[PDB]
Amino acid sequence: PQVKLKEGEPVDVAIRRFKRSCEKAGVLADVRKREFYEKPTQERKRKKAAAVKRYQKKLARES
Amino acid sequence: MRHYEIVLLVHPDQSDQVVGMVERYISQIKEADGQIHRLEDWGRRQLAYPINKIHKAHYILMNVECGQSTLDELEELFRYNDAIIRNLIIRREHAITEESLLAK
Amino acid sequence: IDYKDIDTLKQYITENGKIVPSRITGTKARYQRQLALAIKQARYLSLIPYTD
Amino acid sequence: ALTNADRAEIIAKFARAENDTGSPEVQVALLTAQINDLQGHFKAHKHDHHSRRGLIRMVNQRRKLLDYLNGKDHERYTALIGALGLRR
Amino acid sequence: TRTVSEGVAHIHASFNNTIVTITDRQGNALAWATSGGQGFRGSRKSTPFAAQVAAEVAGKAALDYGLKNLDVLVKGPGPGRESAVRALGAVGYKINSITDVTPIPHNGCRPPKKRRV
RNA sequence: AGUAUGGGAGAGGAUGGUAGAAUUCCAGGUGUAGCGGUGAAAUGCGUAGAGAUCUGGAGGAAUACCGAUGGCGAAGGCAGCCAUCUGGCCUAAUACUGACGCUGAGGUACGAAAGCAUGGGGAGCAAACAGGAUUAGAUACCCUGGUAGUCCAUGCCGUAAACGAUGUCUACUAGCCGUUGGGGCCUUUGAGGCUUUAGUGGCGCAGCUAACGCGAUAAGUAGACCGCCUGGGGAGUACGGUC
Ligand SMILES: [Mg+2]
Ligand SMILES: [Mg+2]
Ligand SMILES: [Mg+2]
Ligand SMILES: [Mg+2]
Ligand SMILES: [Mg+2]
Ligand SMILES: [Mg+2]
Ligand SMILES: [Mg+2]
Ligand SMILES: [Mg+2]
Ligand SMILES: [Mg+2]
């Protein structure tokens with residue numbers, strides 16, 4: 001991130017730009033993942049569901 | 001024999017010795033038999049992150065052809081030489097003799 | 001793609017240092033694996049940062 | 001591992017005719033060389049189960065080829081087993 | 001007593017509590033505050049407002065050292081990370097930079113079990 | 001069906017080394033009242049100084065991002081990077097052997113997790129267990145701790161919803177759209193368009209089916225061999241036998 005400030009940038013706008021930087025980075029997502037241990041079977045099922053949904057979305061876009 | 005690419009990182013304090021060490025390695029390789037296809041000195045470069053509280057080191061590149069016994073000797077020398085901080089050895093197919101990038 | 005070609009290697013690394021996926025960069029499957037291996041080798045050689 | 005020169009030598013030693021690379025004698029000799037070479041590897045890696053399957057496959061292929069040679073002509077079979085040093 | 005122009009504010013936000021500390025460069029501490037420290041004991045600790053009051057009190061305490069520009073480091077999820085920086089800016093400080101320093105393992109230790117609630 | 005020679009992709013297996021991030025613990029610098037946790041609390045930790053922050057060390061385990069309806073493997077299963085040993089697969093054209101093939105009762109080898117034996121190691125997690133809560137009761141669900149175990153070496157044990165709930169091999173039977181590793185042909189604006197092949201996905205005609213659905217990766221049309229079923233319980237249980 002390292003959101004350096006301009007000479008006259010408002011602090012609120014700076015915090016808004018920092019929020020965009022962090023949201024693009026996706027740091028909070030990994031922290032959310034790390035809270036609990038997920039079993040390999042559950043991870044497999046989740047990834048399978050995600051892939052199926054992505055394929056259906058792409059087909060819908062193509063149609 | 002086989003072709004190996006070697007990259008060496010040398011402590012800056014021992015920079016003046018680099019010419020001697022590479023010469024000794026080449027002498028050993030040639031005495032065994034050896035075929036030194038490439039030798040490059042990238043120069044003293046800054047490290048993207050510190051290693052043993054060192055912020056910069058000397059970078060050396062070599063492309064050689066030698067046998068298993070030699071490879072073992074060079075590996076042992078690199079491990080037990082305190083001037084060297086990190087070495088990468090890669091098996092390669094065919095020999096690279098062209099001028100490489102980062103050689104400026 | 002070789003580990004010594006940092007100018008090109010950097011075009012597929014984010015500011016945080018993470019490797020950009022193939023989806024966003026449009027590269028091919030075979031190219032992506034070589035590029036990831038080269039980035040890992042460059043990280044080991046302390047030529048590019050692991051993180052930050 | 002064996003080299004191209006070694007395989008060429010075995011084929012030269014066991015070839016019935018020119019360009020003969022498909023004869024049972026040549027095939028069995030090549031398999032025997034490969035097996036006796038792999039014995040050394042399996043001496044140092046006892047728990048490499050995945051390679052032992054290929055080794056067993058080589059053994060089975062040699063057995064089938066030897067049986068075919070025995071069924072077709074006994075004299076060639078006896079000569080081959082004698083040359084290669086195999087009990088049966 | 002000692003006067004330092006430059007300082008850093010660490011915001012250790014969590015789902016249960018927010019801790020705001022002010023240190024100098026090289027990490028020596030000057031002042032600190034917490035939601036539990038300033039009333040709000042209970043579930044209201046995690047609310048952003050308590051983060052704002054903690055940041056205000058921490059900044060007022062740190063002003064004695066005469067620092068007017070401070071860097072910002074933020075670590076952890078949960079509310080209060082934004083309110084703390086907003087309060088620090090409002091108090092009169094100048095925020096030079098804001099960065100996230102939340103630690104990410106590269107698949108190290110096993111996390112605790114999931115709660116069946 | 002098999003063999004020799006040129007190329008290609010791959011978390012296929014075994015052994016050793018090495019890098020970064022993070023957690024725990026231990027010492028040191030600043031510093032003062034809380035930290036932690038829950039629906040809410042409480043146990044627990046803290047003025048012999050916690051938490052937070054910075055500096056230096058010990059040790060164990062696993063490899064973020066790339067990552068994919070992706071890849072490899074007979075199955076079980078395989079994830080950072082490097083070296084050594086090693087199995088299989090795909091692909092081009094030549095040159096060979098000449099049915100050398102498919103299946104397979106007994107038998108034999110492999111075989112997740114848990115558990116067992118001897119000797120090591122032990123960060124985090126965690127059966128048992130201890131305390132704090134909720135409750136009419138709480139032997140549990142929630143919270144604070146925590147032993148075996150999870151890890152390494154050498155063996156044993158032979159089990160799973162070990163699942164596609166679909167044995168192996170062979171030939172044939174409308175099409176349409178993806179993706180992975182290769183072969184061939186044509187365009188030019190340096191990457192695209194057609195075919196072909198071996199995998200891996202989504203639809204769908206005919207056909208099949210109690211229906212749901214399957215549909216060139218068949219549960220369609222045919223052939224070879226094997227395993228298994230005959231109402232629900234009693235019961236994968238008793239006796240005998242082998243391990
Ligand atoms: Mg081992
Ligand atoms: Mg908890
Ligand atoms: Mg069979
Ligand atoms: Mg049987
Ligand atoms: Mg517990
Ligand atoms: Mg066993
Ligand atoms: Mg069974
Ligand atoms: Mg079954
Ligand atoms: Mg029984």
# chains A, B, ... in the order shown; residues from 1 in each chain; ligands from 1
call {"tool": "select_by_dssp", "arguments": {"residues": "chain D", "states": "alpha helix (DSSP H)", "output": "MDAnalysis selection string"}}
result
chainID D and resid 4:14 24:44 49:72 74:84
call {"tool": "residues_near_ligand", "arguments": {"ligand": "ligand 2", "cutoff": "10 Å", "atoms": "only C-alpha atoms (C1' of nucleotides) and all ligand atoms", "output": "list in words"}}
result
residues 35 and 36 of chain A; 112, 113, 114 and 115 of chain E; 36, 37, 38, 142, 143 and 144 of chain F
call {"tool": "atom_distance", "arguments": {"atom1": "CA of residue 45 in chain E", "atom2": "CA of residue 33 in chain E"}}
result
12.3 Å
call {"tool": "residues_around", "arguments": {"residues": "range 123-131 of chain F", "least_positions_apart": "3", "cutoff": "12 Å", "atoms": "only C-alpha atoms (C1' of nucleotides)", "output": "PyMOL selection string"}}
result
(chain A and resi 36-37) or (chain E and resi 107-114) or (chain F and resi 22-25+42-44+58-62+114+143-151)
call {"tool": "residues_near_ligand", "arguments": {"ligand": "ligand 1", "cutoff": "10 Å", "atoms": "only C-alpha atoms (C1' of nucleotides) and all ligand atoms", "output": "ChimeraX atom specification"}}
result
/D:47 /F:14-15,152-153
call {"tool": "write_last_selection", "arguments": {"atoms": "N, CA and C atoms (P, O5', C5', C4', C3', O3' and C1' of nucleotides)", "output": "PDB file, in the first residue's frame"}}
result
ATOM      1  N   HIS D  47      12.127 -48.418  -0.414  1.00  0.00           N
ATOM      2  CA  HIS D  47      10.736 -47.998  -0.339  1.00  0.00           C
ATOM      3  C   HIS D  47      10.298 -47.170  -1.541  1.00  0.00           C
TER       4      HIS D  47
ATOM      5  P     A F  14       7.985 -41.124  -1.869  1.00  0.00           P
ATOM      6  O5'   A F  14       9.522 -41.543  -1.921  1.00  0.00           O
ATOM      7  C5'   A F  14       9.929 -42.864  -1.594  1.00  0.00           C
ATOM      8  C4'   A F  14      11.416 -43.054  -1.770  1.00  0.00           C
ATOM      9  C3'   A F  14      12.313 -42.096  -1.003  1.00  0.00           C
ATOM     10  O3'   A F  14      12.468 -42.442   0.360  1.00  0.00           O
ATOM     11  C1'   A F  14      13.082 -42.274  -3.225  1.00  0.00           C
ATOM     12  P     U F  15      12.753 -41.297   1.449  1.00  0.00           P
ATOM     13  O5'   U F  15      14.235 -40.811   1.123  1.00  0.00           O
ATOM     14  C5'   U F  15      15.340 -41.686   1.291  1.00  0.00           C
ATOM     15  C4'   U F  15      16.640 -41.044   0.875  1.00  0.00           C
ATOM     16  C3'   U F  15      16.988 -39.716   1.531  1.00  0.00           C
ATOM     17  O3'   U F  15      17.503 -39.845   2.844  1.00  0.00           O
ATOM     18  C1'   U F  15      17.387 -39.572  -0.789  1.00  0.00           C
ATOM     19  P     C F 152       6.921 -37.518   9.001  1.00  0.00           P
ATOM     20  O5'   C F 152       8.301 -37.863   9.715  1.00  0.00           O
ATOM     21  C5'   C F 152       9.462 -37.084   9.468  1.00  0.00           C
ATOM     22  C4'   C F 152      10.669 -37.655  10.168  1.00  0.00           C
ATOM     23  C3'   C F 152      10.949 -39.128   9.917  1.00  0.00           C
ATOM     24  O3'   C F 152      11.614 -39.359   8.688  1.00  0.00           O
ATOM     25  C1'   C F 152      11.133 -38.662  12.230  1.00  0.00           C
ATOM     26  P     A F 153      11.393 -40.736   7.891  1.00  0.00           P
ATOM     27  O5'   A F 153      12.163 -41.821   8.765  1.00  0.00           O
ATOM     28  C5'   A F 153      13.580 -41.821   8.850  1.00  0.00           C
ATOM     29  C4'   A F 153      14.087 -42.985   9.663  1.00  0.00           C
ATOM     30  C3'   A F 153      13.463 -44.336   9.354  1.00  0.00           C
ATOM     31  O3'   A F 153      14.035 -44.949   8.213  1.00  0.00           O
ATOM     32  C1'   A F 153      13.571 -44.015  11.702  1.00  0.00           C
TER      33        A F 153
END
call {"tool": "atom_distance", "arguments": {"atom1": "CA of residue 51 in chain C", "atom2": "CA of residue 73 in chain E"}}
result
16.9 Å
call {"tool": "residues_near_ligand", "arguments": {"ligand": "ligand 4", "cutoff": "8 Å", "atoms": "only C-alpha atoms (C1' of nucleotides) and all ligand atoms", "output": "PyMOL selection string"}}
result
chain F and resi 105-107
call {"tool": "residues_near_ligand", "arguments": {"ligand": "ligand 7", "cutoff": "10 Å", "atoms": "only C-alpha atoms (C1' of nucleotides) and all ligand atoms", "output": "PyMOL selection string"}}
result
chain F and resi 159-160+162
call {"tool": "select_by_dssp", "arguments": {"residues": "range 7-73 of chain B", "states": "strand (DSSP E)", "output": "number ranges by chain"}}
result
B: 7-10, 35-46, 56-66
call {"tool": "atom_distance", "arguments": {"atom1": "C1' of residue 209 in chain F", "atom2": "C1' of residue 69 in chain F"}}
result
28.1 Å
call {"tool": "interface_residues", "arguments": {"of": "chain F", "to": "chain A", "cutoff": "10 Å", "atoms": "only C-alpha atoms (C1' of nucleotides)", "output": "PyMOL selection string"}}
result
chain F and resi 64+68-69+125+177-178+201-202
call {"tool": "write_last_selection", "arguments": {"atoms": "N, CA, C and O atoms (P, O5', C5', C4', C3', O3' and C1' of nucleotides)", "output": "PDB file, in the first residue's frame"}}
result
ATOM      1  P     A F  64       1.714 -22.501  -0.958  1.00  0.00           P
ATOM      2  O5'   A F  64       1.078 -21.098  -0.548  1.00  0.00           O
ATOM      3  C5'   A F  64      -0.022 -21.027   0.346  1.00  0.00           C
ATOM      4  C4'   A F  64      -0.458 -19.602   0.586  1.00  0.00           C
ATOM      5  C3'   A F  64      -0.844 -18.802  -0.648  1.00  0.00           C
ATOM      6  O3'   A F  64      -2.188 -19.031  -1.034  1.00  0.00           O
ATOM      7  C1'   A F  64       0.566 -17.504   0.770  1.00  0.00           C
ATOM      8  P     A F  68      -7.992 -20.420  -8.485  1.00  0.00           P
ATOM      9  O5'   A F  68      -8.466 -21.041  -9.876  1.00  0.00           O
ATOM     10  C5'   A F  68      -8.856 -22.404  -9.979  1.00  0.00           C
ATOM     11  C4'   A F  68      -8.884 -22.869 -11.414  1.00  0.00           C
ATOM     12  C3'   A F  68      -9.004 -24.375 -11.622  1.00  0.00           C
ATOM     13  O3'   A F  68     -10.342 -24.831 -11.573  1.00  0.00           O
ATOM     14  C1'   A F  68      -7.256 -23.511 -12.980  1.00  0.00           C
ATOM     15  P     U F  69     -10.666 -26.362 -11.203  1.00  0.00           P
ATOM     16  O5'   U F  69     -12.247 -26.463 -11.371  1.00  0.00           O
ATOM     17  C5'   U F  69     -12.867 -27.655 -11.844  1.00  0.00           C
ATOM     18  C4'   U F  69     -12.638 -27.863 -13.322  1.00  0.00           C
ATOM     19  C3'   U F  69     -12.370 -26.591 -14.125  1.00  0.00           C
ATOM     20  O3'   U F  69     -11.389 -26.810 -15.150  1.00  0.00           O
ATOM     21  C1'   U F  69     -14.356 -27.634 -14.919  1.00  0.00           C
ATOM     22  P     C F 125      -2.907 -23.386  19.453  1.00  0.00           P
ATOM     23  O5'   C F 125      -3.467 -24.673  18.704  1.00  0.00           O
ATOM     24  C5'   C F 125      -4.292 -24.559  17.552  1.00  0.00           C
ATOM     25  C4'   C F 125      -4.649 -25.918  17.002  1.00  0.00           C
ATOM     26  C3'   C F 125      -5.473 -26.809  17.919  1.00  0.00           C
ATOM     27  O3'   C F 125      -6.860 -26.533  17.844  1.00  0.00           O
ATOM     28  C1'   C F 125      -3.654 -28.043  17.026  1.00  0.00           C
ATOM     29  P     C F 177     -19.467 -25.472 -32.882  1.00  0.00           P
ATOM     30  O5'   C F 177     -19.297 -25.100 -31.344  1.00  0.00           O
ATOM     31  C5'   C F 177     -20.056 -24.047 -30.772  1.00  0.00           C
ATOM     32  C4'   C F 177     -19.842 -23.939 -29.284  1.00  0.00           C
ATOM     33  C3'   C F 177     -18.402 -23.888 -28.810  1.00  0.00           C
ATOM     34  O3'   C F 177     -17.796 -22.621 -28.994  1.00  0.00           O
ATOM     35  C1'   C F 177     -19.641 -25.354 -27.428  1.00  0.00           C
ATOM     36  P     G F 178     -16.216 -22.453 -28.766  1.00  0.00           P
ATOM     37  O5'   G F 178     -16.008 -22.938 -27.265  1.00  0.00           O
ATOM     38  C5'   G F 178     -14.715 -23.187 -26.735  1.00  0.00           C
ATOM     39  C4'   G F 178     -14.780 -23.430 -25.250  1.00  0.00           C
ATOM     40  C3'   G F 178     -13.458 -23.702 -24.554  1.00  0.00           C
ATOM     41  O3'   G F 178     -12.727 -22.519 -24.281  1.00  0.00           O
ATOM     42  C1'   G F 178     -15.082 -25.261 -23.819  1.00  0.00           C
ATOM     43  P     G F 201     -13.530 -35.164 -15.981  1.00  0.00           P
ATOM     44  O5'   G F 201     -14.080 -33.846 -16.685  1.00  0.00           O
ATOM     45  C5'   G F 201     -15.460 -33.674 -16.961  1.00  0.00           C
ATOM     46  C4'   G F 201     -15.798 -32.219 -17.169  1.00  0.00           C
ATOM     47  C3'   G F 201     -17.217 -31.921 -17.627  1.00  0.00           C
ATOM     48  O3'   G F 201     -18.156 -31.936 -16.567  1.00  0.00           O
ATOM     49  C1'   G F 201     -15.698 -30.704 -18.959  1.00  0.00           C
ATOM     50  P     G F 202     -19.661 -32.434 -16.828  1.00  0.00           P
ATOM     51  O5'   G F 202     -20.299 -31.283 -17.723  1.00  0.00           O
ATOM     52  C5'   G F 202     -20.363 -29.946 -17.253  1.00  0.00           C
ATOM     53  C4'   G F 202     -21.037 -29.044 -18.252  1.00  0.00           C
ATOM     54  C3'   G F 202     -22.341 -29.560 -18.835  1.00  0.00           C
ATOM     55  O3'   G F 202     -23.442 -29.340 -17.972  1.00  0.00           O
ATOM     56  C1'   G F 202     -20.970 -28.693 -20.568  1.00  0.00           C
TER      57        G F 202
END
call {"tool": "interface_residues", "arguments": {"of": "chain E", "to": "chain A", "cutoff": "9 Å", "atoms": "only C-alpha atoms", "output": "PDB file with C-alpha atoms, in the first residue's frame"}}
result
ATOM      1  CA  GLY E  76      -5.998  -6.551  12.100  1.00  0.00           C
ATOM      2  CA  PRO E  77      -9.611  -6.864  10.960  1.00  0.00           C
ATOM      3  CA  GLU E  82     -10.978   3.893  10.080  1.00  0.00           C
ATOM      4  CA  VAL E  85      -7.237   7.476  11.771  1.00  0.00           C
ATOM      5  CA  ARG E  86     -10.139   9.900  11.356  1.00  0.00           C
ATOM      6  CA  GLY E  89      -6.492  13.568  11.785  1.00  0.00           C
ATOM      7  CA  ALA E  90      -9.223  15.576  13.508  1.00  0.00           C
ATOM      8  CA  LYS E  94      -0.865  15.526   9.930  1.00  0.00           C
ATOM      9  CA  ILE E  95      -0.912  11.956   8.601  1.00  0.00           C
ATOM     10  CA  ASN E  96       2.016  11.524   6.214  1.00  0.00           C
ATOM     11  CA  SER E  97       1.260   7.935   5.187  1.00  0.00           C
ATOM     12  CA  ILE E  98      -1.085   5.064   6.040  1.00  0.00           C
ATOM     13  CA  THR E  99      -0.157   1.408   5.529  1.00  0.00           C
ATOM     14  CA  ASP E 100      -1.487  -2.028   6.461  1.00  0.00           C
ATOM     15  CA  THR E 102      -1.444  -7.286   9.073  1.00  0.00           C
ATOM     16  CA  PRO E 103       0.715 -10.457   9.153  1.00  0.00           C
ATOM     17  CA  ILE E 104      -0.071 -13.144   6.570  1.00  0.00           C
ATOM     18  CA  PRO E 105       1.386 -16.649   7.083  1.00  0.00           C
ATOM     19  CA  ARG E 110      -2.644 -25.016  11.915  1.00  0.00           C
ATOM     20  CA  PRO E 111      -5.536 -22.727  12.982  1.00  0.00           C
ATOM     21  CA  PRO E 112      -7.933 -23.704  15.785  1.00  0.00           C
ATOM     22  CA  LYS E 113     -11.094 -25.694  15.157  1.00  0.00           C
ATOM     23  CA  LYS E 114     -14.299 -24.200  13.784  1.00  0.00           C
ATOM     24  CA  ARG E 115     -16.956 -23.187  16.304  1.00  0.00           C
TER      25      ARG E 115
END
call {"tool": "closest_residue", "arguments": {"among": "C:37, C:20, C:1, C:47", "to": "chain A", "atoms": "only C-alpha atoms"}}
result
C:20
